[PDB]
Protein chains: 2
Amino acid sequence: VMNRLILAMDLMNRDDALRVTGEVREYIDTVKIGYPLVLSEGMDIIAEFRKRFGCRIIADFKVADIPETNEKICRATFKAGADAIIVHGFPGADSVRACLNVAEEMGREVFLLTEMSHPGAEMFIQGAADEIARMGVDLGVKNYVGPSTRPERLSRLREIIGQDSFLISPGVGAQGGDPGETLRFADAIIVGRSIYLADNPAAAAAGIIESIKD
Amino acid sequence: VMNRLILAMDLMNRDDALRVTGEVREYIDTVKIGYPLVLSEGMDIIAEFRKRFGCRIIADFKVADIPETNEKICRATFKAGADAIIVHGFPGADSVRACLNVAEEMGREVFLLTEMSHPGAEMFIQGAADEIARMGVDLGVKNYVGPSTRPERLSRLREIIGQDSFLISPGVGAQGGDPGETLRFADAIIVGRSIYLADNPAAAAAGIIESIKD
Ligand SMILES: NC(=O)c1[nH]nc([C@@H]2O[C@H](COP(=O)(O)O)[C@@H](O)[C@H]2O)c1O
Ligand SMILES: NC(=O)c1[nH]nc([C@@H]2O[C@H](COP(=O)(O)O)[C@@H](O)[C@H]2O)c1O
């Protein structure tokens, strides 16, 4: 991804979301769109962003249901124009396979969520994370998400998934993660509030990019 | 809930979803609406269903993100008119508390997802489920979801949450669960495909209701 930086666009109104994305588009060609924006403005926002910024879109929908429902969610998301979808591994292999099957049908990509970045991740996810990642490998998953806030965990994850898997990492900035340290292990970093709540988002994005071209 | 039966409306087009819901409304006053319908037809479908059927709406959005994002998702969902939202416990206590905080603000309800009904639930969720339920109790969660397909697990869950907590249970019919057995432990059963894919959904709902008035 351009500059190894993915914008997490979690503003909840279309005008603000369009403005910030336009302001930072010269620094970022991949945008992660989640339920805060989609549930506020509708699924058509995905095609609109694709048409107007010519950016890749990762739908961060944390898909976490039974296989049959996961199938439906993925089909609707790809129909809406998303390039990739983010899915939870905690619900098990059949749930993940359901998403992979639809991605195969539609010529799209699935990212598998291993350990999460927030404090509560320590309670249940952290203990299962290595096994979730190994499940991913055994299902043929090639794209993974792991936590900027715990680089020792991001190292262990990289160790499991190998160097050819693609790894993106949220929790940079607002949640306490560091761009440079995270990029020792991840291929790209995801950044939301540090950019979109900044007084000057373009300056925020530019600062991040200069701190990692080093 | 009327007749202890909640319709899971996972058809993905508004015309079919409206038709089936109208056909079964005399048997069911609570409808569970999930992402298959919302991502296909928009969040406005929730208010439309509320206006036209005068039914309670549980938004089955399996909320499973970090606290800040969970907050946003819950706010958008309640703004859309949902009476309750279903949230995952696996991401930990802070993620769940974020949902509870918004529900408190908005005068709404959170249901906590313990163990899931599908085969893959055995991999990671089942081993954490008792602890997720105990976390729920310690956070003051009063509404829970547990699996029709494993009544021994539904019994253990009821044991943890006590008799005053409200417990709803999916996996009835299509996934193999039995209405009567499930209702030994759950307060209400959730039924999707057994009703909405039936040649006569009203007859399907009626058959279920006669098999549990007994
Ligand atoms: N899997 C994880 O560890 C994880 N941590 N955060 C996110 C998501 O990534 C984004 C982080 O945003 P900001 O903190 O503002 O930079 C936001 O959309 C959040 O919901 C995520 O998927
Ligand atoms: N937590 C769980 O154990 C669990 N199992 N199924 C569902 C959801 O409940 C519904 C079950 O639908 P049908 O099988 O057709 O009767 C459907 O929306 C599915 O996604 C669920 O939340």
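Conventions adopted
- Residues numbered from 1 in each chain as written, not as in the entry; some residues may be left out.
- Chains lettered and ligands numbered in written order.
- Heavy atoms only, no water.
- UniProt positions renumbered as here; feature names shortened; annotations may be inferred.
- Helix = DSSP H or I, 4+ residues; strand = E, 2+ residues; numbered from the N terminus.
- Contact = heavy atoms within 4.5 Å.
- Near = heavy atom within 4 Å.
- Polar contact = N/O pair within 3.5 Å; in protein donor to acceptor, adjacent residues only side chain to side chain.
- Areas by Shrake-Rupley, 256 points an atom, 1.4 Å probe, with all protein chains shown as cover.
- Nonpolar A, V, L, I, M, F, W, Y, C, P; charged D, E, K, R; others polar.
- Pairing = 2+ DSSP bridges.
- Axes fitted to C-alpha atoms, helices over the stretch in contact; angles between N-to-C directions.

The deposited coordinates derive from X-ray crystallography, with the record listing a resolution of 1.70 Å.

Per the PDB entry, chain A goes by Orotidine 5'-phosphate decarboxylase and derives from Methanothermobacter thermautotrophicus. Per the PDB record, the entry is named "Crystal structure of Methanothermobacter thermautotrophicus orotidine 5'-monophosphate decarboxylase complexed with pyrazofurin monophosphate". Looking at the Catalytic activity heading of the UniProt record, one finds this comment for chain A: "orotidine 5'-phosphate + H(+) = UMP + CO2". As recorded by UniProt, the Sequence similarities comment attached to chain A reads in full: "Belongs to the OMP decarboxylase family. Type 1 subfamily."

**A few points about the UniProt feature "active site" in chain A**
Per the UniProt entry, the sites bearing "active site" are A:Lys62 in this numbering. Tracing the backbone shows A:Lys62 in strand β3 (residues 56-63). Aside from chain neighbours lying at most four places away, what touches A:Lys62 is A:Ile86, A:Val87, A:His88, A:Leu113, A:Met116, B:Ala64 and B:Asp65.

**As for the site of ligand 1**
Taken together, 18 residues are adjacent to ligand 1, and A:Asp10, A:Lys62, A:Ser117, B:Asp65 and B:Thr69 come closest. Around ligand 1, the neighbouring residues derive from chains A and B rather than from a single chain. Interatomic distance of 2.8 Å between a side-chain N/O atom of A:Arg193 and an oxygen atom of ligand 1. Across the complex, the protein chains shield 98% of the 500 Å² of accessible surface that ligand 1 would expose by itself. Tallied by class, residues from the shell around ligand 1 come to eight nonpolar, four polar and six charged.

**Digging into the site of ligand 2**
Taken together, 18 residues lie near ligand 2, and A:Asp65, A:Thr69, B:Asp10, B:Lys62 and B:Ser117 sit nearest. The site occupied by ligand 2 is bordered by residues of chains A and B. One of the side-chain N or O atoms of B:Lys62 is found 2.6 Å from an oxygen atom in ligand 2. For ligand 2, whose unbound accessible area comes to 490 Å², protein coverage reaches 98%. Along the lines of polarity and charge, the residues of the shell around ligand 2 split into eight nonpolar, four polar and six charged.

**A few points about the sheet that holds strand β2 (residues 30-34) of chain A**
All names here are of chain A. Strand order around the closed barrel formed by eight strands is β1-β2-β3-β4-β5-β6-β7-β8, with parallel pairing between neighbours. Along the sheet, successive strands turn relative to each other by an average axial angle of 25°, direction set aside. Where strand β4 (residues 84-88) lies against strand β5 (residues 109-113), five bridges are found, and the strand directions are parallel. Bridge pairing in β5 places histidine 88 opposite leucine 113.

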